[PDB]
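What follows is a set of notes on a single structure, which appears directly below.
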There are 2 protein chains.
Amino acid sequence: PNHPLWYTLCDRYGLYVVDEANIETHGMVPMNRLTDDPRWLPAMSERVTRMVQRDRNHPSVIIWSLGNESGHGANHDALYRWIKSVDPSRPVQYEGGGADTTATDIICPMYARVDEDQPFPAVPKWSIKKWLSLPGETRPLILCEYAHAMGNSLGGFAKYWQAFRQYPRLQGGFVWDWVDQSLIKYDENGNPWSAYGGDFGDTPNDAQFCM
Amino acid sequence: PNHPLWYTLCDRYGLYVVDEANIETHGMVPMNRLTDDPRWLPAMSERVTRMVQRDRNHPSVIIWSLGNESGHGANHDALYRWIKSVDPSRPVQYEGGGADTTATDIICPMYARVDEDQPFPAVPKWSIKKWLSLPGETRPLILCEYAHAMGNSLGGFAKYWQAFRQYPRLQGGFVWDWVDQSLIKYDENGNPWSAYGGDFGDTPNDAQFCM
Ligand SMILES: CC(C)S[C@@H]1O[C@H](CO)[C@H](O)[C@H](O)[C@H]1O
Ligand SMILES: CC(C)S[C@@H]1O[C@H](CO)[C@H](O)[C@H](O)[C@H]1O
Ligand code: NA
Ligand code: NA
Ligand code: NA
Ligand code: NA
């Protein structure tokens, strides 16, 4: 959840918002080790329930998200249903565990390509055009993350938009991401420079991936 | 419906057969002027019902077709249901009126392209990949006619098969078509040669489109 003023501005300037719970357990092995553990349901529930209690009156928020990269656990299904029950005015989405689980109203993959499939075991990233028509699938598809803008990037961006415009159910996505997470440091001449992972003695680190 | 021996051979050699009623009113304006006319329901019913009564015991026949290029009329819906009722063991298909009407269990367009949409009024031919995922659509797609092999042709044939293999619901199609409808004529020297439309004084005619 963001600083409270953010929603006020989106309400007034006009931007659709996906409000997301502060829940990410990416480094766990497997990714859903905590989210499928009932012992952690309480902690997770508050991160979801208290967000809804705080932001449910903001018109800018149109979709609720159960968090990010935490695999797919039984706790997600429980909280998915809690939200659907308490606030039926907004769809609920969550990408963990394959982007099309029982815990999401929207197929919301991250970095699924336009025409090329990436058949990873258990959690494949199908071509988005293909994903829509898989047997029995009927939901809209909006990428929660796509077009990783790291450095000299965004090659192939037009291919996504051509598909978005051609396929009714391909309803867009959220580019990753808005601003480089570089930090200011100062050299001997007191000149400020942009720093990334590892520049503060932090280790281990993932260097420029924060930009 | 074909010569009776054809079904015998298909049963024994092994070929899936689409048995089609002898009904085509392509030349009408609009194309469904007769098929939507109840006065013509009797004549049409016999062409469908008598076909089913004759070939319903052939295992090679796996799909029934209500005919060809006769637009979409109420008579089609009536006969679609008649077949569904008397023989639930075989899906019923029909391309007329848009290839995805209420008279077909299979999206069976003719010459719909792989990636390119052909937004014709009332009866558009959508890209086959796009067709499968249109809002609310769930049926399989098998082209009743594609890759018009007229003369030096079949360019782009590989594009269809790549799509067929990638998309579960794109289950193939029927190339148009098997053999040139050329007829033999003889010159002054008694030497035989292949003739087409117009070579018999027949006029008006459509020349080489029979091949
Ligand atoms: C396979 C790893 C790179 S995971 C990858 O790292 C990215 C770095 O910007 C983002 O955080 C993505 O959301 C994450 O899935
Ligand atoms: C005249 C075309 C626009 S209609 C086209 O003609 C073809 C000729 O081989 C086939 O008969 C197709 O089935 C028919 O739709
Ligand atoms: Na779209
Ligand atoms: Na990053
Ligand atoms: Na297929
Ligand atoms: Na022809």
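All values below come from the heavy atoms of this structure, side chains included, with hydrogens, waters and symmetry mates left out. A note on names: the letters A, B, ... follow the listed sequences, proteins ahead of strands, and every chain is numbered from 1.
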* Structure fact -> Heavy-atom closest pair (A207(A) atom, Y196(A) atom, distance to 0.1 Å) is C-CD1, 3.5 Å
* Structure fact -> Nearest heavy-atom approach of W131(B) to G98(B) is CZ2-O, 3.1 Å
* Spacing of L143(B) atom CG and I106(B) atom CD1 [to the nearest 0.5 Å] -> 11.5 Å
* To do: List the steps and the verdict of side-chain contact (heavy atoms from CB on, under 4.5 Å) for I142(A) and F174(A).
  => CA-CA 8 Å; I142(A) 302 173; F174(A) 301 81; 4.1 Å; yes
* To do: Rounded to the nearest 0.5 Å, what's the gap from CD1 on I62(A) to CG on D19(A)? Could you check?
  => 11.5 Å
* What distance do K129(B) atom NZ and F164(B) atom CZ have between them, rounded to the nearest 0.5 Å? -> 11.0 Å
Tell me which donor-acceptor pairs under 3.5 Å the side chains of residues 145-159 of chain B have, and how far apart each pair is, sequence neighbours excluded?
{"residue": "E145(B)", "atom": "OE1", "partner": "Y111(B)", "partner atom": "OH", "Å": "2.8"}
{"residue": "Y146(B)", "atom": "OH", "partner": "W161(B)", "partner atom": "NE1", "Å": "3.0"}
{"residue": "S153(B)", "atom": "OG", "partner": "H148(B)", "partner atom": "O", "Å": "2.8"}

* For side-chain contact (heavy atoms from CB on, under 4.5 Å), just list the numbers for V48(B) and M44(B), CA-CA rounded to whole Å, side-chain angles, deciding distance to a tenth of an Å, and then say yes or no. => CA-CA 7 Å; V48(B) 167; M44(B) 286 178 65; over 6 Å; no
* Do any N or O atoms from the side chain of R90(A) and from the backbone of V61(A) form a donor-acceptor pair under 3.5 angstrom? -> yes
* Residue among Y16(A), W64(A), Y7(A), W6(A) satisfying ring-ring contact (aromatic ring centres under 6.0 Å, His included) with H58(A) -> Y7(A)
* **N/O donor-acceptor pair under 3.5 Å between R139(B) side chain and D100(B) backbone** => yes
* Asked: Is the backbone of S45(A) close enough, under 3.5 Å, to the side chain of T49(A) for a donor and an acceptor to pair up by distance?
  -> yes
* Is a donor on one side and an acceptor on the other found under 3.5 Å between the side chain of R54(B) and the backbone of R50(B)? -> no
* **Main-chain N/O of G136(A) paired with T138(B) side-chain donor or acceptor, under 3.5 Å** => no
* Side chains of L41(A) and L79(A) in contact at under 4.5 Å (non-hydrogen atoms) -> yes
* Asked: Is it true that the side chains of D11(A) and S60(A) contain a donor and an acceptor less than 3.5 Å apart?
  -> yes
* To do: Hey, could you give me the NZ/CG distance between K125(A) and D117(A), rounded to the nearest 0.5 Å?
  => 12.5 Å
* **Over all atoms of both residues, closest heavy-atom pair of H76(B) and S70(B)** => CE1-O, 3.5 Å
* Asked: Does the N191(A) side chain pair with the main chain of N189(A), one donor and one acceptor, at a distance under 3.5 Å?
  -> no
* To do: Taking all non-hydrogen atoms of both residues into account, name the closest pair between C144(B) and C108(B) and its distance.
  => SG-O, 3.4 Å
* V29(B) versus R33(B): any side-chain heavy-atom pair under 4.5 Å? -> no
* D206(B) CG: over 12 foreign heavy atoms closer than 6.0 Å -> no
* Asked: For the side chain of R169(A) and the backbone of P135(B), is there at least one donor-acceptor N/O pair under 3.5 Å apart?
  -> no
* Judged by atom type as modelled, is there a donor-acceptor pair below 3.5 Å linking the side chain of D37(A) to the main-chain atoms of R39(A)? -> yes
* To do: Compare every heavy atom of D202(A) with every heavy atom of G198(A), then report the nearest pair and how far apart it is.
  => N-OD2, 2.9 Å
* **Between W40(B) and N75(B), a side-chain donor and acceptor under 3.5 Å** => no
* **Minimum-distance pair of heavy atoms, taken over all atoms of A21(A) and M51(A)** => N-SD, 3.4 Å
* Please confirm whether the backbone N or O of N205(A) pairs with a side-chain atom of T203(A), one donor and one acceptor, at under 3.5 Å? => no
* Asked: Should the heavy atoms of other residues, nucleotides or ligands under 6.0 Å from CD of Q181(B) be counted, would the total exceed 12?
  -> no
* Heavy-atom check, side chain of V52(A) versus side chain of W82(A), under 4.5 Å -> yes
* Asked: Does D105(B) have any side-chain hydrogen bond (donor to acceptor under 3.5 Å, both in side chains) partners at least two apart in sequence or in another chain, and if so, which?
  -> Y80(B), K84(B)
* How about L5(B): does its CG atom have over 12 heavy atoms from other parts shown lying under 6.0 Å from it? -> yes
* Given the rule in the side-chain contact (heavy atoms from CB on, under 4.5 Å) test, do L183(A) and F200(A) qualify, once you have shown the distances and angles that lead to the verdict? -> CA-CA 10 Å; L183(A) 290 169; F200(A) 295 83; 3.8 Å; yes
* Asked: For the atom pair CD (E95(A)) and CD (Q93(A)), what is the distance rounded to the nearest 0.5 Å?
  -> 9.5 Å
* Those residues that, when tested against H72(A), pass ring-ring contact (aromatic ring centres under 6.0 Å, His included) (two or more places apart) -> none
* Interatomic distance, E20(B) atom CD to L66(B) atom CG [nearest 0.5 angstrom] -> 9.0 Å
* To do: Would you sort out whether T8(A) and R12(A) count as a side-chain contact (heavy atoms from CB on, under 4.5 Å), showing the intermediate values?
  => CA-CA 6 Å; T8(A) 308; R12(A) 300 176 181 176; 3.5 Å; yes
* **Any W193(A) side-chain heavy atom under 4.5 Å of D199(A) side chain** => yes
* Does a side-chain heavy-atom distance below 4.5 Å link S133(A) with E137(B)? -> no
